[PDB]
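For this one, two forms of the same chain are given in structure tokens, first as structure 1 and then as structure 2.
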Structure 1
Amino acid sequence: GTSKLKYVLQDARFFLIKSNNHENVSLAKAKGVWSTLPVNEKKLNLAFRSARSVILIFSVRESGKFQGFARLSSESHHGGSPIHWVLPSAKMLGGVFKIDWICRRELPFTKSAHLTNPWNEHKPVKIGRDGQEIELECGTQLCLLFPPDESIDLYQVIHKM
């Protein structure tokens, strides 16, 4: 069902993540981590302290789709490991956030054409730069459009909250 998902999304904040390649999204799905540029790392660290859930909604550039969404489980941390990101430098991708995936399924942009983002001039929610915040109502509805991911149990995510 969608009840636990709605509970996780309650009062959440949402950010669009735009990746240049599929490989880093695949690596993020396998290892539960994400890294971004310092402008956005600063924004996400602020958001993580400010909200019960911070949701990253991923889209690979030129794919015409979102590739899923995940909840931040930590602020960014340095050292830890050298993630083999297919770097589009490595020093700008230090700072690793831990993330718990909520949905690893794809959603085509054609399915979100009815959703506009107030924080980006009411452009369709697919439009935005890496790090663009998505207002609560639009982000909630976007996440609810994804196909359910029955391989994921939200019970442990609710306990992180």
Structure 2
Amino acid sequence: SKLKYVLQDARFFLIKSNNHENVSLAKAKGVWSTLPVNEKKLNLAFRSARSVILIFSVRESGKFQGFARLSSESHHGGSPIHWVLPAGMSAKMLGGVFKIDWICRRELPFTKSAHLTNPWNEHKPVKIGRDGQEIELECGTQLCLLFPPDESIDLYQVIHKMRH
């Protein structure tokens, strides 16, 4: 029930990382960053929706690595984070830093989501999509409910940080 409360009326985005290190840093530090165009879209979504849920997948892994709620709009951030940037990209191109509240840090293999389709991506399987693909409400809710419950996470701390 607590997870479903967190997910009520949420918007869902599929976030694809080229490597494991960025998702590991996000789990360790509770933060996320991206290019300004995407940052703008996330900030708009954050102000417009009861919750914004990021569902993370490392390409070539065949799995989702967890999901998290946007905790606030982006801000300047602290000391540099050693993100692993795509070949040739300068860290000077990154925007601000989002604080994220992890709801599940456990993995879900794509084999377990093979029955779900995203109406907002031509009913392709929900694993399929470009970085930032939005997942329709009911599909995104079912996908999140497929993850194993994460006993290392206190959903009350997630619920307390909600300001809807």
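By convention here, residues take numbers in order along the sequence of structure 1, the first being 1. Between two forms, the rigid core is the largest collection of C-alphas that superpose within 1.5 Å. Only residues modelled in both forms are compared.
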Q | From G94, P124, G32, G131, residue displaced between structure 1 and structure 2 - CA threshold 2 Å or more, rigid core | A | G94
Q: May I ask for the C-alpha shift of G79 between structure 1 and structure 2, in Å, based on superposition of the rigid core?
A: 4.9
Q: Could you check how much the CA of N45 shifts between structure 1 and structure 2 after a rigid core fit, in angstrom?
A: 1.0
**Q.** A12 CA shift between structure 1 and structure 2 in angstrom, with the core used for superposition
**A.** 0.4
(Q) After superposing on the rigid core, which segments of 3 or more consecutive residues have every C-alpha shifted by 2 Å or more between structure 1 and structure 2? (A) 37-40, 78-81, 91-94
